Protein chains: 2
Amino acid sequence: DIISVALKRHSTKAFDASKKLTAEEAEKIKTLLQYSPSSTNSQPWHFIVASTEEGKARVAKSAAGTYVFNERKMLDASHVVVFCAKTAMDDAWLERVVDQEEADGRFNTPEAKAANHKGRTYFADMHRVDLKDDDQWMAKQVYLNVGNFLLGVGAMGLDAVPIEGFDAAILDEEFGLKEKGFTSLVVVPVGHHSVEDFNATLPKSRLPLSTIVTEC
Amino acid sequence: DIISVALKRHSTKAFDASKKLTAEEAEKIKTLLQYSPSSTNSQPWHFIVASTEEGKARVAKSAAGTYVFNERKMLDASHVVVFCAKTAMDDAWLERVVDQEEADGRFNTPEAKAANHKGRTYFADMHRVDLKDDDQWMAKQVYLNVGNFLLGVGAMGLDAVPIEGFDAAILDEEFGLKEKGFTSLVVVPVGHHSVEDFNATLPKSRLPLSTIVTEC
Ligand SMILES: Cc1cc2nc3c(=O)[nH]c(=O)nc-3n(C[C@H](O)[C@H](O)[C@H](O)COP(=O)(O)O)c2cc1C
Ligand SMILES: Cc1cc2nc3c(=O)[nH]c(=O)nc-3n(C[C@H](O)[C@H](O)[C@H](O)COP(=O)(O)O)c2cc1C
Ligand SMILES: O=C(O)c1ccc([N+](=O)[O-])cc1
Ligand SMILES: O=C(O)c1ccc([N+](=O)[O-])cc1
């Protein structure tokens, strides 16, 4: 039951470095990243999946100093996922999305692809010409992916914690993201919690439905 | 299997208006909205859940005219969820969150409570004061909730579709959201698809892992 998963998943504060994901679980978490929905199927994202000791150490550099309370989570987890968003939405990216949709068989004619290209253009240029908030629009799609991801890994029986407490300028420079057209937004260590995870035994806390929900 | 869910769920293009959620399902989708994670457990959100015909008609006003292609989806679904973000992070909301955490038993001393409140204020001030982007920061948490929600309702065997194609100004006015301190971001009709949901039999399409993932 997915509600049981939602009530039992929690943000892990400490990971057991000896408990690694299986090869099968490693493939499943990449499938989760890939198949998240996004506005107009824009998929405006890139993921760094660090599983070697050196790779995780490179990610953990972003937690040095002020964010040190997040550094050990990145070092001790089995896999660490860096969620990145595109910095600008270009036509080339939109062309590759619609061509992939054709390759996967979503169009029955060279007509319907011209209409899907016509549609995704009017939508994206609204954020590039007019609103000029396509940077924030793409980052929102990445946060949607994070929310999909956290529930999915919980359903797999894996522990995780989402992290905003890191230096994105440091992380971007370490992986050369800016020149690639990406910027890091959220880091998610994935693995199994240790006995030092004090948050595993604390009750969950949320505002009541009478506050957050209006029915009509 | 949650991966089967991720590969099976789709954006429904048309809903069967005769098929309603059960009472138990209606409670479960509210639990999903409630228990989504968020940065510092800030829960900067409110949800309109329209299930009556008059309520759904009120939400559907935001799809009239320019966004007419989304209007029937709102009218036909069993339940329509409006995801709303706070427009500003005020100190009273932060106090409300920490008071709820105390009521739920997450602190063992009053000093533990004040320390948690001090930390949440510090990180909120990073967005309110330094970055001056708390409005975008809170919207990102709401998008994370949507991503959690879409996978959860798919795991319940329910159809849904996320919608950005609506007039948020019209929707905010219809429900007085701006004066209440909120703004609408995403509309999600939930129910069961009809024969007119052409997307139900199309294959899913995503960019390949060679493009979106870097392993290290
Ligand atoms: C986007 C985001 C960023 C977060 N950043 C951190 C973080 O930097 N360090 C941390 O320990 N927890 C972080 N959290 C975890 C939250 O404190 C946690 O999700 C919230 O208190 C709800 O608890 P739960 O995840 O156990 O349900 C973050 C959560 C989200 C969604
Ligand atoms: C934030 C968001 C907004 C979307 N807005 C619309 C919309 O307004 N109308 C619509 O029919 N589909 C909308 N979609 C659906 C996307 O086109 C769809 O998620 C994407 O093509 C991937 O396909 P899937 O959801 O079937 O996996 C939206 C999706 C997201 C995540
Ligand atoms: O108007 C829009 O913002 C809009 C966004 C997404 C989609 N879509 O994903 O089909 C359509 C319209
Ligand atoms: O952005 C941060 O530094 C940050 C730190 C802690 C948390 N948190 O504990 O949820 C969230 C964000």
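Rules and cut-offs
Residues numbered from 1 in each chain as written, not as in the entry; some residues may be left out. Chains lettered and ligands numbered in written order. Heavy atoms only, no water. Core = buried A, V, L, I, M, F, W, Y, C linked by side-chain atoms within 4.5 Å. Buried < 20%, exposed > 50% of the residue type's maximum accessible area, 1.4 Å probe, protein only. Contact = heavy atoms within 4.5 Å. UniProt positions renumbered as here; feature names shortened; annotations may be inferred. Helix = DSSP H or I, 4+ residues; strand = E, 2+ residues; numbered from the N terminus. Near = heavy atom within 4 Å. Polar contact = N/O pair within 3.5 Å; in protein donor to acceptor, adjacent residues only side chain to side chain. Areas by Shrake-Rupley, 256 points an atom, 1.4 Å probe, with all protein chains shown as cover. Nonpolar A, V, L, I, M, F, W, Y, C, P; charged D, E, K, R; others polar. Axes fitted to C-alpha atoms, helices over the stretch in contact; angles between N-to-C directions. Parallel < 35°, antiparallel > 145°, perpendicular 65-115°, else oblique. Left-handed = near helix turned anticlockwise from the far one by under 90°. Expected span 1.5 Å × (residues − 1). Least-squares fit on C-alpha atoms. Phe/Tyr/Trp six-rings, centres within 6.5 Å; stacked < 30°, edge-to-face > 60°. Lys NZ or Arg CZ within 6 Å of the ring centre and 35° of its normal. Pairing = 2+ DSSP bridges.

Below, the discussion takes up the nonpolar core. Proteins that are soluble and globular tend to have nonpolar side chains buried together. One finds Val59, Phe83, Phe149 and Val187 of chain A together with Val59, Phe83 and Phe149 of chain B to be the most contacted residues of the largest nonpolar core, which totals 121 residues. Excluding residues within four positions of it along the chain, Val59 of chain B makes contact with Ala50, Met74, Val80, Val82, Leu171, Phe175 and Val187 of chain B.

All right, on to the UniProt feature "binding site: NAD(+)" in chain A then. Residue and element names in this part refer to chain A. Those places that UniProt annotates as "binding site: NAD(+)" correspond, in this numbering, to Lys13, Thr40, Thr66, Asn70, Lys73 and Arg106. These residues run over 94 residues, and the two farthest C-alpha atoms among them are 47.9 Å apart, placing them at more than one spot. Assignment of secondary structure puts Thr40 in the loop between α2 (23–34) and β1 (45–50). Setting aside its immediate chain neighbours within four residues, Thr40 contacts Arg120, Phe123 and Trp137. Relative to the assigned elements, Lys73 resides in helix α4 (residues 71–76).

Before going further, it helps to examine the site of ligand 1. Around ligand 1, a shell composed of 22 residues is seen, among which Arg9, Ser11, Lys13, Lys204 and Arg206 of chain A lie nearest. Ligand 1 sits at the junction of chains A and B, each of which supplies nearby residues. Note that a nitrogen atom of ligand 1 is positioned 3.0 Å from one of the side-chain N or O atoms of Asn70 of chain A. Relative to its free-state accessible area of 620 Å², ligand 1 is covered by the protein chains to the extent of 90%. Here the residues of the shell around ligand 1 are counted per class, giving 6 nonpolar, 10 polar and 6 charged.

Here we take up the environment of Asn108 of chain A. Following the sequence through the fold, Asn108 of chain A ends up in the loop between α5 (91–103) and α6 (110–130). A distance of 2.4 Å separates the side chain of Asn108 of chain A from the side chain of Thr109 of chain A, its partner in a polar contact.

The next subject is the packing of helix α7 (residues 134–155) of chain A against helix α7 (residues 134–155) of chain B. The N-to-C vectors of α7 of chain A and α7 of chain B enclose an angle of 45°; their axes lie 7 Å apart at closest approach. In terms of axis orientation, α7 of chain A runs oblique to α7 of chain B. For the element pair α7 of chain A and α7 of chain B, the recorded crossing hand is right-handed. Touching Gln136, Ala139, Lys140, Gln141, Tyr143, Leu144, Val146, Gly147, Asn148, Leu151 and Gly152 of chain A of α7 of chain A are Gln136, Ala139, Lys140, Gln141, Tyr143, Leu144, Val146, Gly147, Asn148, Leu150, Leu151 and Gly152 of chain B, all from α7 of chain B. Looking at the contact of α7 of chain A with α7 of chain B residue by residue, the class counts come to 11 nonpolar, 10 polar and 2 charged.

Let us now look at α7 of chain B. Residue and element names in this part refer to chain B. In a regular helix each residue adds 1.5 Å, so 22 residues correspond to 32 Å; α7 covers 32 Å between its end C-alpha atoms and thus fits that length. With 19 of its 22 residues buried, α7 lies for the most part within the structure. Within two residues after α7, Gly157 carries a phi angle of roughly 75°, on the positive side.

With that settled, consider the site of ligand 3. Taken together, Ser39, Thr40 and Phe123 of chain A together with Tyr67, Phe69, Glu164 and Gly165 of chain B make up the full set of residues near ligand 3. At the site occupied by ligand 3, nearby residues are drawn from chains A and B. In this structure, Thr40 of chain A approaches ligand 3 through a main-chain N or O atom, which is 2.8 Å from an oxygen atom. About the coverage of ligand 3: the protein hides 77% of its 310 Å² of free accessible area. In terms of residue class, the shell around ligand 3 is built from 3 nonpolar, 3 polar and 1 charged.

A few words on the relation of the copies chain B and chain A. Superposing chain B onto chain A takes a rotation of 180° combined with a translation of 0.0 Å along the rotation axis, leaving an RMSD of 0.3 Å. Such a turn and shift between the copies fits a two-fold axis. An overlap of 100% is found between the interface residues of chain B and their copies at the interface of chain A, pointing to a shared contact surface.

To continue, consider the UniProt feature "binding site: FMN" in chain A. Per the UniProt record, "binding site: FMN" is annotated on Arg9, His10, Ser11, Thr12, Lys13, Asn70, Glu164, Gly165, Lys204, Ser205 and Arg206 of chain A. The named residues occupy 198 residues along the chain; their greatest pairwise C-alpha distance, 23.1 Å, places them well apart from one another. Relative to the elements of secondary structure, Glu164 of chain A occurs in the loop between β3 (159–160) and α8 (168–174). Sequence-distant contacts of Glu164 of chain A, that is, excluding residues within four places in its chain, are made with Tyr143 and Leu185 of chain A together with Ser39, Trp137 and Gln141 of chain B. A distance of 3.0 Å separates a polar atom in the side chain of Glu164 of chain A from a polar atom in the side chain of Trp137 of chain B. Relative to the helices and strands, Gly165 of chain A is located in the loop between β3 and α8.

Tallied over the entire structure, the rule returns 12 aromatic pairs over all chains. Measuring from centroid to centroid gives 5.5 Å for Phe83 of chain A and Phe149 of chain A, while their planes differ by 70°, and the two rings are edge-to-face. With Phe83 of chain A in strand β2 (residues 79–86) and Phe149 of chain A in helix α7, this residue pair connects regions lying 66 residues apart in the sequence. Assessed through its relative accessible area of 0%, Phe149 of chain A is described here as buried. For the pair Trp93 of chain B and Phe182 of chain B, a centre-to-centre distance of 6.3 Å together with 80° between the ring planes defines the contact as edge-to-face. Within this pair, whereas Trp93 of chain B is found in helix α5 (residues 91–103), its partner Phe182 of chain B is found in strand β4 (residues 182–191), the two being separated by 89 residues in sequence. The exposure classification of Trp93 of chain B matches that of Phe182 of chain B, with both residues buried. Pairwise contacts between aromatic rings join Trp45, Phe47, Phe83 and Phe149 of chain A into one cluster. The ring of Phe175 of chain A has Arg58 of chain A lying over it, and the distance from NZ or CZ to the ring centre is 4.1 Å. Taking NZ or CZ as reference, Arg96 of chain A lies 4.7 Å from the ring centre of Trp93 of chain A, over its face.

All right, on to the side chain of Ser11 of chain A then. With respect to the secondary-structure elements, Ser11 of chain A resides in the loop between α1 (2–8) and α2. When near neighbours in sequence (up to four residues on either side) are disregarded, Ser11 of chain A contacts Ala160, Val161, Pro162, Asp197 and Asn199 of chain A.

Bringing the sheet that holds strand β5 (residues 213–215) of chain B into the picture now. If you walk across this open sheet you meet the 5 strands as β3(A)-β4(A)-β2(A)-β1(A)-β5(B), and the pairing is mixed. On the outer flanks of this sheet lie β3 of chain A together with β5 of chain B, each paired with one strand and no other. Sheet topology places β1 of chain A next to β5 of chain B; 3 bridges connect them, and they run parallel. Paired with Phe47 of chain A across the strands is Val213 of chain B, a residue of β5 of chain B.

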